[PDB]
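One structure below.
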Amino acid sequence: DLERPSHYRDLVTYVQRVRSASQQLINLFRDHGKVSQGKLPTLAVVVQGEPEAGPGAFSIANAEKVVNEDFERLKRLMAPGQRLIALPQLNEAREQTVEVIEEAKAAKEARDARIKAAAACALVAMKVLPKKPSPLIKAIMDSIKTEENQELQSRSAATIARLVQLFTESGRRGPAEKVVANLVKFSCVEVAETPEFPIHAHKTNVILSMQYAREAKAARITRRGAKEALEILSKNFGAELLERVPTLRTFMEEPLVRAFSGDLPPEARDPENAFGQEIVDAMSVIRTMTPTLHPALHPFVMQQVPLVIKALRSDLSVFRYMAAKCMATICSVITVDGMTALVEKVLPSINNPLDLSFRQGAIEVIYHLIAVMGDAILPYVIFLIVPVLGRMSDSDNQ
Amino acid sequence: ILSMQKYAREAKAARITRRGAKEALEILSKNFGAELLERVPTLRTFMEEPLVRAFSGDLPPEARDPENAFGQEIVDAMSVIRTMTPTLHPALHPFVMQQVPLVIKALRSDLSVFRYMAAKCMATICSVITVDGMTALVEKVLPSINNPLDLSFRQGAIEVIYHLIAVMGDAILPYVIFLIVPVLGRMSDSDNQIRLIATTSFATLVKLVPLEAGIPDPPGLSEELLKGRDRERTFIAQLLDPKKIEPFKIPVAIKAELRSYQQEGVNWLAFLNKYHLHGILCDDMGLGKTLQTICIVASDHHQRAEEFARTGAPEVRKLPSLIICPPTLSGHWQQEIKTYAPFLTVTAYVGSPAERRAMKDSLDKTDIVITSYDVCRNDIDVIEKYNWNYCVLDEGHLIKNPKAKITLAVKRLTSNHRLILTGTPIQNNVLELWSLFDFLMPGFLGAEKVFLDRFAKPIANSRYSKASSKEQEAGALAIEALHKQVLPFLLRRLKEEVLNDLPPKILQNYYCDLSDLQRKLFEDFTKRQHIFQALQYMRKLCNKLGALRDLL
Amino acid sequence: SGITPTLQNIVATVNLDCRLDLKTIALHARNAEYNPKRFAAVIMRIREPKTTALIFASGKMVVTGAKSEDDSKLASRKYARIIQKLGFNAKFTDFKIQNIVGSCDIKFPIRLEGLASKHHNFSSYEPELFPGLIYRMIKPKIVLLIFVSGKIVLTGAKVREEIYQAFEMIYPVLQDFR
Amino acid sequence: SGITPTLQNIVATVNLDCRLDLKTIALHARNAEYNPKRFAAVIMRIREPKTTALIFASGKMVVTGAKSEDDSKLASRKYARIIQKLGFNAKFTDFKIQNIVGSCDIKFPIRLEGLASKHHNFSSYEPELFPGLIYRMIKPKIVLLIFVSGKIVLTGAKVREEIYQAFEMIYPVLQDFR
DNA sequence: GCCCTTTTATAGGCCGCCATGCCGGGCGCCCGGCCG
DNA sequence: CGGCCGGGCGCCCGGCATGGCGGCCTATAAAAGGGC
DNA sequence: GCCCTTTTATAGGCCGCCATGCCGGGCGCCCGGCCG
DNA sequence: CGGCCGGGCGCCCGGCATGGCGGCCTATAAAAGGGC
């Protein structure tokens, strides 16, 4: 609750680096720029956070002050003409200084977030349920998003899984539903597991399976944390998960019962409509969660298989992609029922000449089914062999 | 309304190429004369194949695909009509006339670019094939301007007016009588860009209105156009003349009796209803605003329902109506509706926060919906997604502060008609009146800064004056301007004018002087924080007991 | 070398060799304005070639706004004729062009900061006060205002060849900085 | 200063002080290969820490592939033990690290051409032959290969502090060029 | 300082506005309980 | 188990009048001739 | 030259392939005509 | 005006064998120790 300390002794190296860069800016480039002595008082020799550091020790705030206010003042103090000679190196030094300040501030933010997350885990562990849970959930979700350390991320995942159960037993449900929605949101951030619809909205009748560096790591670590949280949540709740928490049900199901009986909003094809992304975000959760659900919820996924198969026959390419993935998973885990559905209501459609969507989805489902099941696909190769033999010589290239 | 929304190198190349091609096409048409539609088919295919395609409700899904070339080919085809029609021979005027039924549907389409191109093309066609195009406009575009649910219909039908004026210029004189009422109505429309372009169109049209009474009739007007001009003349004649008609009522057998002042009030409401203007029925409490409101709402619903049997257009849809009241008055509203207007059906979205899902979809199925200010506020994120015919606020004064969240909530209600019931439209500051009229007629009194500078600052500065022209005149002119601006949209009627039995009310002030102890305490406090504590302390120490003792 | 400047303003001075009563000019000519508190001259104007003349009581005038030397001289002659028609014995004498302004647009942006740093002896740049780099050239005595958009305006010339020489001299420098 | 290098290879030489019959090592150890035509040593390998040993007939060996000094020394000791088990009286003597290689990735691209032009005395760049700038440093005797991607690998060091000093020395130069 | 003409064009200060309050006073909502 | 419960607190009320962002608006810059 | 390990990474030459033909010989198409 | 007209020429046939783009593939670069 109380504001965090302005500094830590571990970041004295960062602050000292900032001090050295600022001193370079003040000294070397004004010697180059020919500004007389007395340009600025010397930076404090002792950096904040060190032992026996006085209250006037050098801090990041002094770095900001020198890189903005003293920079402007010194520029105004430079003689005309010499300013033109000196200014570009001053700009380079200023940008470098700002970069070091940003690095130090980011390190401080990371340490504060980690400490807050650990404290929140301690508070939830001893069964505290504050009447006003504003900061606790914020800290825990921050440690689910931006936690590079796997162990602490798993600990925060368990923390959320226990917090949801405690709130369900308490009866209050606002924050519970909010965090469940946020978990389902974070689970779908990774591009490789659920693509950005605004990019693929313009592609039709193409096999998706055949087709900035910093953000790639952030997306996958966030998705890792969310997936572990959801798995522990399901293991905790057991059979009753489909009864206790309905917000997950709405997220998973509302685009599935929508678009039924051939229904198709025109905005579903609109790149600027958020529902085109929300559809795939919804359909990712089935794959993300079904293998870890209880067998008591196998009837739920079985009853929803008629929706997934129709998504596999749908003319929307991403519908077929996600339906192939989800059918592969369902046939992996709910084996007999899913494979009955596949052999009885997918493989017959593989030979349709006019319905290119039918063949495309019904071959991509086989691709992903083999890839996920591996050795378990032995008893069903007799079903799968003839369609692939026929479609090796199909008209469509992919 | 998209009309409102190395590159510099290419910008010149595009326009020079288009200049050359257009001149070539014009000379080609003049060469061929009447026979151009016979000798050259490829031009016809280019112009026409996306016009018969996508017609009769047709819509390929790839028409909305950014990577499908046909989405560009459609507009490329539709540009040629504007590019070439003014230079064609009169023998091809029948061709464009026969294709006008396709371009009008292109104007009604939910595709924005379709409406843009159709507005442009209809403007050109009415410029050159004037009588037939304007017959099509007045008979099959302007009737659709009032459709509540069909936003595309209104949007295209206002953009066509925008471009028609911009292209025809002075030639639009005999036809302003048809276009004046739609733009007047749509200046106060729920949608922002319709309001903006309607404002521009009205700025152009009002200057020409005084001339419309005597423009010579164009020689070729069809009988439908003469009848339209006559009926529009009779329609406008009541607006621009103090004379008025007997009020609008539906004489149902179970309908209640109306008093004289209630008769005048329903007359005023009907006058507002005809020309699509909004007001505040700011009567004193105890005069029965509920009867007048339900009377006009029921009469409008009855009229629309009856017209839906005499026609098949989507103008009427049996749309719902909304009423927002404080919780205590919902029972009174329902009792009055049931006893005075039985044939209406009522719904009460006043349930518990979970209960409301039991009637979430019932909002679109009942004639009158009743809700509370706070129930609407907490659930505005779902109530905004419904359209309404009438939107009545029973206690306006709740929404006087613009920053209050109830105002932000209520001002998102897209409604065809909009009315505030109140007793004190202005209580402390004219900005309260601005906040109310921002809900009723957005933009009517300008933005916040505009209204501030126009009225509010002079009104505040007039608080301390001694008949001095420095500030007295400013305040006087401000109140006079605000009075004239909002005159037709308020209807105040005093309780003294109506009630035949209410004894007079007399007022007297009782003056006294402060006691010695309190006087000394205040004199000490003069030497002695925040500004408000001083006022609160003065209020406290001000505490009269002898005056009350003698008065009782 | 490349593209050529386009001249935008030419200022010429001509002496009419006779005293003029300015208020009599103002009261008779429609195209003349006189405000002795603001300025000491009558501002006459003609519409072919579009030019303005500041005609003074001492007989001098300054003719401005012309896009060419022939147009400036013809406008000065027309103004002398107009003064003659109003009764004064004005005579066209002492014509001499005294300023030519030019403008050009090379097709690339300019890194003003590097140019100012390298050529600090002959340039001034205060971007807080004026977005354009000022450049003063010693040989042809032309002053160039350089802008990041790739547009240069030359001023102070008394002959067309001066702005041409100034543009030829400055173009390699602008090529070096983008 | 900023980020720190990561060491990638360490090469150590240790003398076993006894002659070895290489073919007898090859015929008995599964993890040894001997090809006298190609190379004069047996290439032994062990899987903890992952290292390779070129063991020669003269008793010297070269142990490579380690990521740390302790790992290199422990691997050399294990190889000496393995030679002892095969019957030879090998004794761990004359250990000395003789090369350390490091790698780092500063988070911005580098303008190699300007760097080569300014620091021509200490660098070489032939982009037709090798896509990396070569930089030779005299004080710590470290050679750096600098790449446009922002990745630098240091080599020739005999201590960790040498590559640390070399990175500290070179980092301002890389900051200057983007 | 004052003015005329011309092509170029953008960022500091100056006058405003504008949300800040903070004590009682009330209403309405949902959020926790329990009672026969 | 159904139904009324108190219960908290967010929202709005209202005053004066101070301080911190504002957008917008010359002024900025260049040549030059003349007269005041 | 020869080899081991390690992180970095991309552009010249070398061996291929690959479309080039061009004289008669024929078929099929559409593109110009006219015939009773 | 309807129907068969000749009429041209683009397309494909086939041979051997030469010259000009190819992709791809080491080789390029750095340190160092050992022995041959």
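Heavy-atom basis, side chains included; hydrogens, waters and symmetry copies ignored. In the text below, chain A, chain B and the rest are named by the order of the sequence lines, each starting its count at 1.
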**Asked** Checking side chain to side chain contact (heavy atoms under 4.5 Å, CB included) for the pair B:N428/B:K400: CA distance, chi angles, key distance, verdict?
**Response** CA-CA 10 Å; B:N428 309 291; B:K400 67 194 192 64; 3.5 Å; yes

**Request:** Go through C:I146 and C:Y125 one step at a time and tell me if the side chain to side chain contact (heavy atoms under 4.5 Å, CB included) criterion holds.
**Result:** CA-CA 10 Å; C:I146 299 159; C:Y125 190 57; over 6 Å; no

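C:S124 comes within contact range of no nucleotide atom at all, as no heavy-atom separation falls under 4.0 Å. Contacts of C:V63 with the nucleic acid, taken as non-hydrogen atoms under 4.0 Å apart, are absent. If you check every strand for non-hydrogen atoms under 4.0 Å, D:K96 touches nothing. At a threshold of 4.0 angstrom between heavy atoms, the contacts of C:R19 with the nucleic acid are absent. Across all strands shown, B:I406 has heavy atoms under 4.0 Å from sugar-phosphate atoms exclusively, and none from any base. Counting any heavy atom pair closer than 4.0 Å across all strands shown, D:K37 reaches no nucleic acid atom.
The salt bridge (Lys or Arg N to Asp or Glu O under 4.0 Å) pairs that include a residue from residues 132-154 of chain C are C:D105-C:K151, where partners are two or more places apart or lie in different chains. Each salt bridge (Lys or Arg N to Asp or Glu O under 4.0 Å) pair with one or both residues in residues 166-178 of chain A, not counting sequence neighbours, appears once here: A:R173-A:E177.
Distance from the side chain of C:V153 is smallest for E:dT7 among the nucleotides E:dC29, F:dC16, E:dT7. The nucleotide whose nearest atom lies closest to any side-chain atom of C:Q8 is, among E:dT6, F:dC11, F:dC16, E:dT6. Out of G:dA9, E:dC4, E:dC29, the shortest distance to the side chain of D:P131 is found at G:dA9. Of the candidates E:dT7, G:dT6, G:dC4, the closest approach to any side-chain atom of D:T52 belongs to G:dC4. Of the listed nucleotides (E:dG21, E:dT7, E:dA9), E:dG21 has the atom at the smallest distance from the side chain of B:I531.
For D:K50, no side-chain nitrogen or oxygen approaches OP1 or OP2 of G:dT5 to under 4.0 Å.
In this step of the strand, F:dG20 stacks on F:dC21, since the centres of their six-membered base rings are under 5.5 Å apart and the ring planes meet at under 30°.
Residues D:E162 and D:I100 are not in side-chain contact: their nearest non-hydrogen atoms beyond the backbone lie 4.5 Å or more apart.
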**Asked** Reading nucleotides 29-36 of chain H 5' to 3', which nucleotides get B (base under 4.0 Å from a protein heavy atom), which S (sugar-phosphate only), which -?
**Response** BSBBBBB-

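A side-chain N or O of C:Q98 and one of C:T13 form a donor-acceptor pair less than 3.5 Å apart.
Around CD of D:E113, the count of heavy atoms belonging to other residues, nucleotides or ligands within 6.0 Å does not exceed 12.
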